[PDB]
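As stored in structure09.cif (mmCIF, N, CA and C atoms):
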data_input
loop_
_atom_site.label_atom_id
_atom_site.label_comp_id
_atom_site.auth_asym_id
_atom_site.auth_seq_id
_atom_site.Cartn_x
_atom_site.Cartn_y
_atom_site.Cartn_z
N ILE A 785 -8.30 -14.24 -5.66
CA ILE A 785 -7.14 -13.38 -6.07
C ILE A 785 -6.17 -14.30 -6.78
N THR A 786 -6.11 -14.25 -8.10
CA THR A 786 -5.33 -15.26 -8.86
C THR A 786 -3.81 -15.24 -8.66
N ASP A 787 -3.15 -14.10 -8.79
CA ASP A 787 -1.67 -14.13 -8.78
C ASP A 787 -1.10 -13.06 -7.86
N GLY A 788 -1.85 -12.65 -6.86
CA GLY A 788 -1.38 -11.54 -6.01
C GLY A 788 -1.84 -10.23 -6.58
N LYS A 789 -2.59 -10.26 -7.67
CA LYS A 789 -3.03 -9.02 -8.34
C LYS A 789 -4.29 -8.55 -7.63
N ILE A 790 -4.16 -8.00 -6.43
CA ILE A 790 -5.33 -7.54 -5.64
C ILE A 790 -5.58 -6.07 -5.94
N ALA A 791 -4.64 -5.37 -6.59
CA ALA A 791 -4.91 -3.98 -6.96
C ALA A 791 -5.74 -3.89 -8.23
N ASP A 792 -5.40 -4.69 -9.24
CA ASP A 792 -6.20 -4.71 -10.46
C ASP A 792 -7.60 -5.24 -10.20
N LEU A 793 -7.71 -6.29 -9.37
CA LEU A 793 -9.02 -6.83 -9.04
C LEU A 793 -9.85 -5.81 -8.27
N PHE A 794 -9.21 -5.08 -7.35
CA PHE A 794 -9.90 -4.00 -6.66
C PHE A 794 -10.37 -2.94 -7.65
N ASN A 795 -9.52 -2.60 -8.62
CA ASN A 795 -9.89 -1.58 -9.60
C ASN A 795 -11.11 -2.01 -10.41
N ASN A 796 -11.11 -3.26 -10.88
CA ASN A 796 -12.19 -3.77 -11.72
C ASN A 796 -13.25 -4.47 -10.88
N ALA A 797 -13.79 -3.73 -9.91
CA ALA A 797 -14.88 -4.23 -9.09
C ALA A 797 -16.22 -4.17 -9.81
N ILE A 798 -16.36 -3.29 -10.80
CA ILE A 798 -17.61 -3.20 -11.55
C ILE A 798 -17.85 -4.48 -12.34
N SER A 799 -16.79 -5.07 -12.88
CA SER A 799 -16.90 -6.26 -13.72
C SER A 799 -16.71 -7.54 -12.91
N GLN A 800 -15.62 -7.63 -12.15
CA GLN A 800 -15.30 -8.84 -11.39
C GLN A 800 -16.02 -8.80 -10.04
N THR A 801 -17.34 -8.90 -10.10
CA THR A 801 -18.17 -8.92 -8.90
C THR A 801 -19.44 -9.71 -9.18
N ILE A 802 -19.84 -10.53 -8.21
CA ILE A 802 -21.05 -11.34 -8.32
C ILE A 802 -21.47 -11.74 -6.92
N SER A 803 -22.76 -11.96 -6.73
CA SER A 803 -23.27 -12.32 -5.42
C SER A 803 -22.82 -13.74 -5.04
N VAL A 804 -22.94 -14.05 -3.75
CA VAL A 804 -22.47 -15.34 -3.26
C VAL A 804 -23.37 -16.47 -3.75
N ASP A 805 -24.69 -16.27 -3.73
CA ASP A 805 -25.60 -17.33 -4.14
C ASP A 805 -25.45 -17.66 -5.62
N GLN A 806 -25.22 -16.65 -6.45
CA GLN A 806 -25.10 -16.86 -7.89
C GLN A 806 -23.80 -17.53 -8.30
N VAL A 807 -22.86 -17.73 -7.38
CA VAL A 807 -21.66 -18.51 -7.70
C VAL A 807 -22.10 -19.95 -7.92
N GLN A 808 -22.06 -20.40 -9.18
CA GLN A 808 -22.62 -21.70 -9.53
C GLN A 808 -21.87 -22.85 -8.86
N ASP A 809 -20.62 -22.63 -8.45
CA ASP A 809 -19.87 -23.66 -7.74
C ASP A 809 -20.28 -23.78 -6.28
N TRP A 810 -20.95 -22.77 -5.72
CA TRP A 810 -21.29 -22.71 -4.31
C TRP A 810 -22.79 -22.88 -4.07
N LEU A 811 -23.44 -23.71 -4.89
CA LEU A 811 -24.87 -23.93 -4.75
C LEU A 811 -25.22 -24.86 -3.59
N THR A 812 -24.27 -25.70 -3.15
CA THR A 812 -24.51 -26.64 -2.07
C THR A 812 -23.44 -26.60 -0.98
N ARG A 813 -22.38 -25.82 -1.15
CA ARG A 813 -21.28 -25.78 -0.20
C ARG A 813 -21.43 -24.71 0.87
N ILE A 814 -22.45 -23.85 0.77
CA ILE A 814 -22.63 -22.72 1.68
C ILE A 814 -24.02 -22.80 2.27
N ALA A 815 -24.11 -22.61 3.59
CA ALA A 815 -25.39 -22.63 4.27
C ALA A 815 -26.21 -21.39 3.90
N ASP A 816 -27.53 -21.52 4.04
CA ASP A 816 -28.42 -20.41 3.72
C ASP A 816 -28.19 -19.20 4.62
N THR A 817 -27.65 -19.40 5.82
CA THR A 817 -27.38 -18.31 6.74
C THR A 817 -26.04 -17.63 6.49
N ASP A 818 -25.17 -18.23 5.67
CA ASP A 818 -23.86 -17.67 5.37
C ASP A 818 -23.79 -17.11 3.95
N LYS A 819 -24.94 -16.87 3.32
CA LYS A 819 -25.00 -16.26 1.99
C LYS A 819 -26.04 -15.16 1.87
N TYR A 820 -26.86 -14.93 2.89
CA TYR A 820 -27.85 -13.85 2.91
C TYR A 820 -27.64 -13.03 4.17
N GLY A 821 -27.60 -11.71 4.03
CA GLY A 821 -27.39 -10.81 5.15
C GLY A 821 -28.69 -10.27 5.67
N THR A 822 -28.91 -10.41 6.99
CA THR A 822 -30.19 -10.12 7.62
C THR A 822 -30.00 -9.43 8.97
N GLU A 823 -29.10 -8.45 9.03
CA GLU A 823 -28.87 -7.67 10.23
C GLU A 823 -28.90 -6.17 9.96
N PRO A 824 -29.16 -5.34 10.99
CA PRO A 824 -29.36 -3.90 10.75
C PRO A 824 -28.11 -3.18 10.26
N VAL A 825 -28.26 -1.88 10.03
CA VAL A 825 -27.16 -0.98 9.72
C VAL A 825 -27.28 0.23 10.63
N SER A 826 -26.17 0.59 11.29
CA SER A 826 -26.16 1.67 12.27
C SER A 826 -25.77 2.97 11.56
N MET A 827 -26.75 3.84 11.34
CA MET A 827 -26.53 5.13 10.71
C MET A 827 -26.33 6.18 11.80
N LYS A 828 -25.14 6.77 11.85
CA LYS A 828 -24.80 7.75 12.87
C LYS A 828 -23.86 8.78 12.28
N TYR A 829 -24.30 10.04 12.23
CA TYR A 829 -23.45 11.13 11.77
C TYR A 829 -24.01 12.45 12.28
N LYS A 830 -23.12 13.42 12.46
CA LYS A 830 -23.46 14.77 12.88
C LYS A 830 -23.05 15.76 11.79
N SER A 831 -23.57 16.98 11.91
CA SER A 831 -23.29 18.06 10.97
C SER A 831 -22.95 19.33 11.75
N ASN A 832 -22.56 20.36 11.01
CA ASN A 832 -22.17 21.66 11.54
C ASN A 832 -23.26 22.69 11.26
N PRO A 833 -23.12 23.90 11.80
CA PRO A 833 -24.12 24.95 11.53
C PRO A 833 -24.23 25.25 10.04
N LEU B 736 1.83 16.58 7.68
CA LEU B 736 1.98 16.44 6.24
C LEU B 736 2.79 17.60 5.68
N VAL B 737 3.65 17.29 4.71
CA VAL B 737 4.47 18.29 4.03
C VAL B 737 4.44 17.96 2.54
N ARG B 738 3.74 18.77 1.76
CA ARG B 738 3.69 18.61 0.31
C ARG B 738 4.93 19.26 -0.29
N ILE B 739 5.90 18.45 -0.68
CA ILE B 739 7.07 18.98 -1.38
C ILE B 739 6.61 19.57 -2.72
N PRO B 740 6.99 20.80 -3.08
CA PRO B 740 6.53 21.35 -4.36
C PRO B 740 7.03 20.52 -5.54
N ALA B 741 6.40 20.75 -6.69
CA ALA B 741 6.75 20.03 -7.90
C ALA B 741 8.21 20.28 -8.26
N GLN B 742 8.87 19.23 -8.74
CA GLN B 742 10.29 19.28 -9.10
C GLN B 742 10.40 19.49 -10.60
N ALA B 743 11.24 20.45 -10.99
CA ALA B 743 11.27 20.93 -12.37
C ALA B 743 11.72 19.83 -13.32
N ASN B 744 11.23 19.92 -14.56
CA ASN B 744 11.55 18.95 -15.61
C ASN B 744 11.09 17.55 -15.23
N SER B 745 9.92 17.47 -14.59
CA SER B 745 9.31 16.19 -14.24
C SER B 745 7.80 16.35 -14.34
N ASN B 746 7.16 15.49 -15.13
CA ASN B 746 5.72 15.56 -15.31
C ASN B 746 4.95 15.09 -14.08
N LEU B 747 5.63 14.56 -13.06
CA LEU B 747 4.97 14.22 -11.81
C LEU B 747 4.42 15.49 -11.15
N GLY B 748 3.61 15.29 -10.12
CA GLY B 748 3.03 16.37 -9.37
C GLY B 748 3.85 16.75 -8.15
N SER B 749 3.20 17.42 -7.21
CA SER B 749 3.85 17.81 -5.97
C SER B 749 3.86 16.63 -5.00
N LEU B 750 5.00 16.12 -4.58
CA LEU B 750 5.14 14.88 -3.77
C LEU B 750 4.56 15.02 -2.39
N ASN B 751 4.30 13.94 -1.68
CA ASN B 751 3.61 14.01 -0.38
C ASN B 751 4.49 13.31 0.62
N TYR B 752 4.82 13.89 1.77
CA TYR B 752 5.83 13.34 2.71
C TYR B 752 5.33 13.20 4.16
N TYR B 753 5.66 12.13 4.86
CA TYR B 753 5.35 11.81 6.24
C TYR B 753 6.60 11.29 6.94
N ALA B 754 6.80 11.73 8.19
CA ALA B 754 7.85 11.20 9.04
C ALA B 754 7.31 10.52 10.29
N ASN B 755 6.03 10.68 10.61
CA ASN B 755 5.35 9.91 11.65
C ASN B 755 4.51 8.85 10.94
N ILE B 756 5.01 7.62 10.92
CA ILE B 756 4.41 6.52 10.19
C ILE B 756 3.73 5.60 11.19
N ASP B 757 2.46 5.27 10.92
CA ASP B 757 1.70 4.28 11.69
C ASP B 757 1.11 3.35 10.65
N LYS B 758 1.86 2.31 10.30
CA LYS B 758 1.55 1.44 9.17
C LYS B 758 1.61 -0.01 9.60
N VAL B 759 0.81 -0.84 8.93
CA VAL B 759 0.84 -2.29 9.07
C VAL B 759 1.15 -2.86 7.70
N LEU B 760 2.25 -3.60 7.61
CA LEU B 760 2.73 -4.13 6.34
C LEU B 760 2.33 -5.59 6.21
N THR B 761 1.63 -5.92 5.13
CA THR B 761 1.11 -7.26 4.88
C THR B 761 1.82 -7.87 3.69
N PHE B 762 2.16 -9.15 3.81
CA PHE B 762 2.79 -9.91 2.74
C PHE B 762 1.70 -10.59 1.91
N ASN B 763 1.47 -10.08 0.71
CA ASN B 763 0.58 -10.76 -0.23
C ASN B 763 1.36 -11.83 -0.97
N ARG B 764 0.80 -13.03 -1.01
CA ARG B 764 1.52 -14.22 -1.45
C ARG B 764 1.29 -14.48 -2.93
N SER B 765 2.38 -14.63 -3.68
CA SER B 765 2.31 -14.80 -5.12
C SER B 765 3.61 -15.44 -5.61
N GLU B 766 3.57 -15.94 -6.84
CA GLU B 766 4.69 -16.65 -7.44
C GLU B 766 5.48 -15.79 -8.42
N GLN B 767 5.20 -14.48 -8.45
CA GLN B 767 5.84 -13.56 -9.42
C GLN B 767 7.36 -13.48 -9.20
N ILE B 768 7.81 -13.30 -7.97
CA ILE B 768 9.23 -13.20 -7.66
C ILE B 768 9.87 -14.58 -7.62
N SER B 769 9.22 -15.52 -6.94
CA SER B 769 9.66 -16.91 -6.93
C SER B 769 8.48 -17.78 -6.53
N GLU B 770 8.54 -19.05 -6.92
CA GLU B 770 7.41 -19.95 -6.72
C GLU B 770 7.12 -20.14 -5.24
N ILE B 771 8.16 -20.25 -4.41
CA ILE B 771 7.99 -20.61 -3.00
C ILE B 771 7.20 -19.58 -2.21
N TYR B 772 6.93 -18.40 -2.78
CA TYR B 772 6.22 -17.34 -2.08
C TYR B 772 4.70 -17.43 -2.25
N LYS B 773 4.18 -18.55 -2.74
CA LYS B 773 2.74 -18.78 -2.70
C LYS B 773 2.27 -19.27 -1.33
N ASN B 774 3.20 -19.52 -0.40
CA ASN B 774 2.86 -19.93 0.96
C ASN B 774 3.19 -18.87 2.01
N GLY B 775 4.04 -17.90 1.68
CA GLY B 775 4.46 -16.87 2.60
C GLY B 775 5.96 -16.66 2.56
N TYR B 776 6.42 -15.77 3.43
CA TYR B 776 7.85 -15.49 3.54
C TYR B 776 8.50 -16.53 4.45
N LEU B 777 9.70 -16.96 4.06
CA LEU B 777 10.35 -18.08 4.73
C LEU B 777 10.80 -17.69 6.13
N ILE B 778 11.19 -18.70 6.90
CA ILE B 778 11.69 -18.54 8.26
C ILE B 778 13.15 -18.97 8.25
N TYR B 779 14.04 -18.09 8.68
CA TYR B 779 15.48 -18.32 8.61
C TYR B 779 16.02 -18.67 9.98
N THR B 780 16.74 -19.79 10.05
CA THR B 780 17.34 -20.27 11.29
C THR B 780 18.75 -20.77 10.98
N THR B 781 19.45 -21.19 12.02
CA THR B 781 20.81 -21.69 11.85
C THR B 781 20.80 -23.06 11.19
N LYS B 782 21.91 -23.38 10.52
CA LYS B 782 22.02 -24.65 9.82
C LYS B 782 21.97 -25.82 10.79
N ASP B 783 22.53 -25.66 11.98
CA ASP B 783 22.59 -26.72 12.98
C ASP B 783 22.27 -26.14 14.36
N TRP B 784 22.10 -27.04 15.32
CA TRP B 784 21.81 -26.65 16.70
C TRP B 784 23.06 -26.05 17.35
N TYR C 540 10.60 -1.99 -14.03
CA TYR C 540 9.77 -2.98 -14.70
C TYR C 540 9.80 -2.72 -16.20
N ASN C 541 9.63 -3.79 -16.97
CA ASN C 541 9.52 -3.66 -18.42
C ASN C 541 8.07 -3.33 -18.78
N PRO C 542 7.79 -2.16 -19.37
CA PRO C 542 6.38 -1.82 -19.64
C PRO C 542 5.72 -2.69 -20.70
N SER C 543 6.50 -3.36 -21.55
CA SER C 543 5.91 -4.24 -22.54
C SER C 543 5.32 -5.49 -21.90
N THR C 544 5.85 -5.91 -20.75
CA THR C 544 5.43 -7.15 -20.11
C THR C 544 4.29 -6.93 -19.11
N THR C 545 4.53 -6.10 -18.10
CA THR C 545 3.61 -5.93 -16.99
C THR C 545 3.29 -4.46 -16.79
N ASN C 546 2.15 -4.21 -16.14
CA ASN C 546 1.79 -2.87 -15.72
C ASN C 546 2.57 -2.52 -14.45
N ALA C 547 2.43 -1.26 -14.00
CA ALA C 547 3.05 -0.88 -12.74
C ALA C 547 2.35 -1.55 -11.56
N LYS C 548 1.02 -1.59 -11.59
CA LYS C 548 0.27 -2.20 -10.48
C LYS C 548 0.58 -3.68 -10.35
N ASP C 549 0.54 -4.42 -11.46
CA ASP C 549 0.80 -5.86 -11.39
C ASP C 549 2.23 -6.14 -10.95
N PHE C 550 3.17 -5.27 -11.32
CA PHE C 550 4.55 -5.44 -10.90
C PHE C 550 4.70 -5.19 -9.41
N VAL C 551 4.09 -4.11 -8.90
CA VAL C 551 4.20 -3.80 -7.48
C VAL C 551 3.45 -4.82 -6.64
N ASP C 552 2.41 -5.45 -7.19
CA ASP C 552 1.62 -6.40 -6.42
C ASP C 552 2.41 -7.66 -6.06
N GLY C 553 3.56 -7.90 -6.69
CA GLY C 553 4.42 -8.99 -6.26
C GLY C 553 5.12 -8.73 -4.95
N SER C 554 5.25 -7.46 -4.56
CA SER C 554 5.84 -7.09 -3.27
C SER C 554 5.42 -5.67 -2.92
N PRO C 555 4.14 -5.45 -2.61
CA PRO C 555 3.68 -4.08 -2.31
C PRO C 555 4.18 -3.54 -0.99
N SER C 556 4.73 -4.39 -0.11
CA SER C 556 5.27 -3.97 1.17
C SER C 556 6.79 -3.81 1.12
N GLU C 557 7.35 -3.55 -0.06
CA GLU C 557 8.77 -3.36 -0.24
C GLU C 557 9.10 -1.87 -0.24
N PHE C 558 10.26 -1.54 0.31
CA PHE C 558 10.75 -0.17 0.38
C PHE C 558 11.98 0.01 -0.50
N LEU C 559 12.05 1.18 -1.12
CA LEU C 559 13.22 1.62 -1.86
C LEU C 559 13.80 2.86 -1.19
N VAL C 560 15.11 3.03 -1.33
CA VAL C 560 15.76 4.24 -0.83
C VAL C 560 15.56 5.36 -1.84
N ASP C 561 15.79 6.60 -1.40
CA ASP C 561 15.63 7.75 -2.28
C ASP C 561 16.62 8.83 -1.86
N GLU C 562 17.70 8.97 -2.62
CA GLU C 562 18.65 10.05 -2.44
C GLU C 562 18.31 11.28 -3.27
N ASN C 563 17.31 11.19 -4.15
CA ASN C 563 16.80 12.36 -4.86
C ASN C 563 15.99 13.27 -3.96
N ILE C 564 15.42 12.72 -2.88
CA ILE C 564 14.69 13.49 -1.88
C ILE C 564 15.34 13.17 -0.54
N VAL C 565 16.00 14.17 0.05
CA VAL C 565 16.81 13.98 1.25
C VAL C 565 16.14 14.71 2.41
N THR C 566 16.72 14.53 3.60
CA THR C 566 16.21 15.12 4.84
C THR C 566 17.40 15.75 5.56
N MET C 567 17.52 17.08 5.46
CA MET C 567 18.62 17.78 6.11
C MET C 567 18.36 17.87 7.61
N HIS C 568 19.41 17.65 8.39
CA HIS C 568 19.34 17.67 9.85
C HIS C 568 20.43 18.59 10.38
N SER C 569 20.02 19.77 10.84
CA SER C 569 20.90 20.76 11.44
C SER C 569 20.47 21.05 12.88
N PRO C 570 21.39 21.51 13.73
CA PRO C 570 20.98 21.88 15.10
C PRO C 570 20.09 23.11 15.15
N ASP C 571 20.19 24.00 14.16
CA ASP C 571 19.38 25.21 14.18
C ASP C 571 17.89 24.88 14.12
N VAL C 572 17.51 23.91 13.29
CA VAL C 572 16.10 23.56 13.17
C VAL C 572 15.56 23.04 14.50
N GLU C 573 16.33 22.18 15.17
CA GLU C 573 15.85 21.59 16.41
C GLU C 573 15.84 22.61 17.55
N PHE C 574 16.83 23.50 17.58
CA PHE C 574 17.00 24.42 18.70
C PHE C 574 16.46 25.82 18.43
N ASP C 575 16.52 26.30 17.19
CA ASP C 575 15.93 27.58 16.81
C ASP C 575 14.56 27.30 16.20
N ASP C 576 13.51 27.68 16.93
CA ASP C 576 12.15 27.37 16.49
C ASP C 576 11.71 28.19 15.29
N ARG C 577 12.48 29.20 14.88
CA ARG C 577 12.12 29.99 13.71
C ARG C 577 12.32 29.23 12.41
N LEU C 578 13.18 28.20 12.40
CA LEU C 578 13.42 27.40 11.21
C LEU C 578 12.50 26.19 11.12
N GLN C 579 11.65 25.96 12.12
CA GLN C 579 10.64 24.91 12.06
C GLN C 579 9.34 25.37 11.43
N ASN C 580 9.28 26.62 10.96
CA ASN C 580 8.08 27.18 10.34
C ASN C 580 8.29 27.56 8.88
N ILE C 581 9.44 27.24 8.29
CA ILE C 581 9.69 27.58 6.89
C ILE C 581 8.67 26.88 6.01
N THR C 582 8.20 27.58 4.98
CA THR C 582 7.20 27.05 4.05
C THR C 582 7.63 27.46 2.64
N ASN C 583 8.19 26.50 1.90
CA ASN C 583 8.64 26.72 0.53
C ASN C 583 9.67 27.86 0.48
N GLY C 584 10.78 27.65 1.16
CA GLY C 584 11.86 28.62 1.18
C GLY C 584 12.80 28.47 0.01
N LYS C 585 12.91 29.51 -0.82
CA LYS C 585 13.78 29.48 -1.99
C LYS C 585 15.23 29.58 -1.52
N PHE C 586 15.92 28.45 -1.50
CA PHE C 586 17.32 28.38 -1.12
C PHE C 586 18.08 27.51 -2.12
N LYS C 587 19.40 27.65 -2.09
CA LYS C 587 20.31 26.84 -2.89
C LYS C 587 21.14 25.95 -1.97
N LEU C 588 21.54 24.80 -2.50
CA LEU C 588 22.24 23.77 -1.74
C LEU C 588 23.65 23.60 -2.27
#
Any chance you could give the structure as structure tokens?
Amino acid sequence: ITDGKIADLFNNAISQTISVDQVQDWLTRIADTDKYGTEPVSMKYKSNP
Amino acid sequence: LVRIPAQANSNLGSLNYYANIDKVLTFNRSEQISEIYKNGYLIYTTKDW
Amino acid sequence: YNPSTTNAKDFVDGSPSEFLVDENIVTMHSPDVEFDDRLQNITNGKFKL
């Protein structure tokens, strides 16, 4: 977040977005377990008649 | 919730009003207002003991 | 804010947790509303002030 502009950055999520591994500065500073997600997702919802 | 109707001679819409507020206010840190706010909001104390 | 310099979002992002007063939208407080429950159900009542 460069200058406190977290609303514009939130708005432009389509463009200002990239995966953690593809960050060329973070090729050796991040462990393999802190850049890949490998846990389930809990799907829970109900409906009406 | 109370939607105040549109106010005449104003291109705005119908305003939205709350009197029961349950909010958490966060200080986003930036240098736009002054440089010293890149660390947070200051702490004010007496000049002497 | 000066629209030639900054957007509304970038301007508010310097202090998004700031409050302004508003005398253009007021809150009338009478004993009738609190004690007479018939005035707590008004919905878009055409009145003059």
If the box runs along x, y and z of the file and leaves 6 Å on each side of range 805-824 of chain A, what are its centre and edge lengths in Å, one decimal, as JSON?
{"center_x": -25.0, "center_y": -14.9, "center_z": 0.7, "size_x": 22.3, "size_y": 35.5, "size_z": 32.5}
Report as a ChimeraX atom specification all protein, DNA and RNA residues lying within 7 Å of residue 739 in chain B, evaluated on only C-alpha atoms, omitting residues in the same chain fewer than 5 positions from it. /B:749-751
Evaluate the PyMOL selection byres ((chain C) within 7 of (chain B)) here and jot the selected residues down as a list in words.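 Answer for the PyMOL selection byres ((chain C) within 7 of (chain B)): residues 552, 553, 554, 555 and 556 of chain C.
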With 9 Å as the cut-off and only C-alpha atoms counted, what is the closest atom pair between each nearby residue of chain A and chain C? Distances in Å to one decimal, ordered by chain and number, as JSON lines.
{"residue": "A:787", "atom": "CA", "partner": "C:553", "partner_atom": "CA", "distance": 8.4}
{"residue": "A:788", "atom": "CA", "partner": "C:552", "partner_atom": "CA", "distance": 6.0}
{"residue": "A:789", "atom": "CA", "partner": "C:552", "partner_atom": "CA", "distance": 5.7}
{"residue": "A:790", "atom": "CA", "partner": "C:552", "partner_atom": "CA", "distance": 7.1}
{"residue": "A:791", "atom": "CA", "partner": "C:548", "partner_atom": "CA", "distance": 6.5}
{"residue": "A:792", "atom": "CA", "partner": "C:548", "partner_atom": "CA", "distance": 6.9}
Go ahead and save the residues from that selection, with N, CA and C atoms, as a short mmCIF file (atom, residue, chain, number, x, y, z; two decimals), in the frame of the given file.
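Generated file (out.cif):
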data_model
loop_
_atom_site.label_atom_id
_atom_site.label_comp_id
_atom_site.auth_asym_id
_atom_site.auth_seq_id
_atom_site.Cartn_x
_atom_site.Cartn_y
_atom_site.Cartn_z
N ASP A 787 -3.15 -14.10 -8.79
CA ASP A 787 -1.67 -14.13 -8.78
C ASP A 787 -1.10 -13.06 -7.86
N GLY A 788 -1.85 -12.65 -6.86
CA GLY A 788 -1.38 -11.54 -6.01
C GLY A 788 -1.84 -10.23 -6.58
N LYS A 789 -2.59 -10.26 -7.67
CA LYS A 789 -3.03 -9.02 -8.34
C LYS A 789 -4.29 -8.55 -7.63
N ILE A 790 -4.16 -8.00 -6.43
CA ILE A 790 -5.33 -7.54 -5.64
C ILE A 790 -5.58 -6.07 -5.94
N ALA A 791 -4.64 -5.37 -6.59
CA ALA A 791 -4.91 -3.98 -6.96
C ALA A 791 -5.74 -3.89 -8.23
N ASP A 792 -5.40 -4.69 -9.24
CA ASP A 792 -6.20 -4.71 -10.46
C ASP A 792 -7.60 -5.24 -10.20
#
Quick one: pull the distance between atom N of residue 753 in chain B and CA of residue 793 in chain A, Å, one decimal. 27.7 Å
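Distance-wise, atom N of residue 777 in chain B and atom C of residue 786 in chain A end up 18.6 Å apart.
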In Å to one decimal, how far is atom N of residue 541 in chain C from CA of residue 770 in chain B?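 Between CA of residue 770 in chain B and atom N of residue 541 in chain C the gap works out to 19.3 Å.
Residues of chain A that DSSP, applied to the backbone, places in alpha helix (DSSP H): residues 790, 791, 792, 793, 794 and 795 of chain A.
Compared by their closest atoms to chain B, and using only C-alpha atoms, the residues A:785, A:828, A:814, A:807 rank with A:785 nearest.
Shortest separation to chain A among B:781, B:748, B:773, B:742 occurs at residue B:773, atoms counted being only C-alpha atoms.
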Pick out the residues sitting within 12 Å of residue 806 in chain A, and hand them over as a list in words; count only C-alpha atoms, and ignore anything fewer than 6 positions along from it in its own chain.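 Near neighbours after the sequence-gap exclusion: residues 812, 814, 819 and 820 of chain A.
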Select from range 736-779 of chain B everything DSSP, run on the backbone, classes as strand (DSSP E or B), then give the selection as a PyMOL selection string. chain B and resi 737-738+751-752
For those residues, write N, CA and C atoms to a file as a PDB file, in the frame of the given file.
ATOM      1  N   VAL B 737       3.650  17.290   4.710  1.00  0.00           N
ATOM      2  CA  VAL B 737       4.470  18.290   4.030  1.00  0.00           C
ATOM      3  C   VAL B 737       4.440  17.960   2.540  1.00  0.00           C
ATOM      4  N   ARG B 738       3.740  18.770   1.760  1.00  0.00           N
ATOM      5  CA  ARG B 738       3.690  18.610   0.310  1.00  0.00           C
ATOM      6  C   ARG B 738       4.930  19.260  -0.290  1.00  0.00           C
ATOM      7  N   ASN B 751       4.300  13.940  -1.680  1.00  0.00           N
ATOM      8  CA  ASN B 751       3.610  14.010  -0.380  1.00  0.00           C
ATOM      9  C   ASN B 751       4.490  13.310   0.620  1.00  0.00           C
ATOM     10  N   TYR B 752       4.820  13.890   1.770  1.00  0.00           N
ATOM     11  CA  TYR B 752       5.830  13.340   2.710  1.00  0.00           C
ATOM     12  C   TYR B 752       5.330  13.200   4.160  1.00  0.00           C
TER      13      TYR B 752
END
